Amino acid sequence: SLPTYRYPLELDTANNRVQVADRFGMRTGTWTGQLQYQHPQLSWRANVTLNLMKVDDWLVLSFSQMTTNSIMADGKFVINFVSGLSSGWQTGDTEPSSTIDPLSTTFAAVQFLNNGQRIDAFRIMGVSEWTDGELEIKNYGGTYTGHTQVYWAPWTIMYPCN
């Protein structure tokens, strides 16, 4: 008896052809919410919109340029996927497929604004944890100087998500 096929595999009945679904290589969405920065001496919330892309067994988060308040030498960022996901996306779709820490690391290019001067620097960001829809991205450090505001260039980060 002929088998059925489980996603990403699918049967195209018009041509009687088994294939990998086109959505598997690319599924887009957006998340609109508040990016939370957390540190014992400083915490804030900034309104952001991220582009999302599921590519095979990976989830890619794409940040456009942003201006945020000042940050400490290290700290953590939290994205709450409980609300804000575009249609077709469920909170569970952002859950990592492993509990290894870090799952992924990337660098974000920033300018620290101090007085009137812009100081180019970097921030190392690690996907560290997911708990009931809340994704934790730890900022371990990077180059630092005293500042009043942060200009973040665009950046992407991805993690295994199946």
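Numbers for residues come from their place in the sequence shown, where the first is 1.
Inset, instruction - Taking the mean of the C-alpha B-factors per stretch from the entry, tell me the winner out of 93 to 101 and 109 to 117. - result: Here the higher of the two C-alpha B-factor means belongs to 109 to 117.
Legend entry - Position of residue 25 among the chain's modelled residues by C-alpha B-factor, lowest, middle or highest third: Its C-alpha B-factor belongs to the lowest third of this chain's values.
Inset, instruction - Compare the C-alpha B factor of residue 154 with those of the other modelled residues in its chain, then answer lowest, middle or highest third. - result: According to the entry, residue 154 has a C-alpha B-factor in the chain's lowest third.
Legend entry - CA B-factor ranking of residue 69, expressed as a third of its chain: CA B-factor rank for residue 69: middle third.
Legend entry - Third of the chain, ranked by Cα B-factor, where residue 51 sits: Within its chain, residue 51 is a lowest-third residue by C-alpha B-factor, going by the deposited values.
Inset, instruction - Would you check the entry's CA temperature factor for residue 145 and let me know if it's in the chain's lowest, middle or highest third? - result: Top third by C-alpha B-factor.
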